[PDB]
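Peer 1: Quick check, what structure comes out for this input:
(one chain, ligands or ions: 1)
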Amino acid sequence: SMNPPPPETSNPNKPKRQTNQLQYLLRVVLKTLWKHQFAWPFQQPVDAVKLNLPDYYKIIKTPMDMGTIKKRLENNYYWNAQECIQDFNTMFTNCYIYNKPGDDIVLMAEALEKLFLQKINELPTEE
Ligand SMILES: COc1cc(OC)c2c(=O)[nH]c(-c3cc(C)c(OCCO)c(C)c3)nc2c1
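Peer 2: Numbers count the residues shown, from 1 in each chain. And now the structure:
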């Protein structure tokens, strides 16, 4: 069994910025989700070998996780807040696509996503 390479977190020729919206995404959005009791399954790429999910990366072709997002934010990988918001949404959607309603992992994602939505509802206007 084999995992894919993780998503890119470094690319020196990708344009990047540090916007006030991106600072909010790190200091408020990521920090809130990361500390949550249900964060742990989402803090690193899905290890499809250790979890014995051999079809995971057959179904999930755009993997994302908060470990990857955390590194992207800390390394100022992004140009804009929409890029980062898309990553969070890709993470949640992958969970819903792969799993079944009412599974524990789906309940965990839902809890995290509720908080994500409440925080992004107050994303600041760009300075
Ligand atoms: C431990 O961290 C994770 C993270 C996950 O996603 C972010 C998942 C995830 O998306 N599905 C599952 C999961 C677990 C079991 C036992 C399942 O039945 C095995 C097939 O008979 C299925 C279909 C999914 N485990 C995760 C664990």
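Peer 1: When you work out contacts or count neighbours from here on, use the C-alpha atoms and nothing else.
Peer 2: OK.
Peer 1: Just give the closest residue to the closest residue to the ligand within the chain, not the sequence neighbours.
Peer 2: Distances between the chain and the ligand by CA to the nearest ligand atom are smallest at residue 41, namely 3.5 Å. Using CA to CA, 6 or more residues apart in numbering and skipping residues adjacent in sequence, the residue nearest residue 41 is residue 105, 7.8 Å away.
Peer 1: residues touching that neighbour, list them.
Peer 2: Applying CA atoms under 8 Å, 6 or more residues apart in numbering to residue 105 gives the contacts 41, 95, 99.
Peer 1: Next to the ligand, which bits of this structure? Give me the list.
Peer 2: For the chain, the contact set with the ligand under CA under 6 Å from any ligand atom comprises 41-42, 46, 95, 99, 105.
Peer 1: Please repeat the previous calculation with a cut-off of 5 Å.
Peer 2: For the chain, the residues in contact with the ligand (CA under 5 Å from any ligand atom) are 41-42, 95.
Peer 1: Using TSV, please lay out those together with neighbour count, secondary structure and distance to residue 87.
Peer 2: What follows is the residues of the chain next to the ligand, written out as TSV (neighbours: other CA atoms under 10 Å; DSSP: H, G, I helix; E, B strand; the rest coil; distance: CA to CA, whole Å):
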residue	neighbour count	secondary structure	distance to residue 87
41	13	helix	16
42	22	helix	12
95	21	helix	13
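Peer 1: picking that back up, any idea which element the residue nearest to residue 41 lies in?
Peer 2: helix 104-120 (DSSP states H and E).
Peer 1: Next, report how far that helix is displaced from the centre of its chain.
Peer 2: Offset of helix 104-120 from its chain centre (CA atoms, centre = their mean, to the nearest Å): 11 Å.
Peer 1: same question, stretch 80-94
Peer 2: The answer for stretch 80-94 is 6 Å, by CA atoms, centre = their mean.
Peer 1: repeat for stretch 52-62
Peer 2: Relative to its parent chain, stretch 52-62 has a centroid offset of 17 Å by CA atoms, centre = their mean.
Peer 1: So residue 99 is in contact with residue 106, correct?
Peer 2: Yes - assessed by CA atoms under 8 Å, residue 99 is found in contact with residue 106 at 6.9 Å.
Peer 1: Those two: which is more packed in?
Peer 2: residue 106 (19 against 14; other CA atoms under 10 Å).
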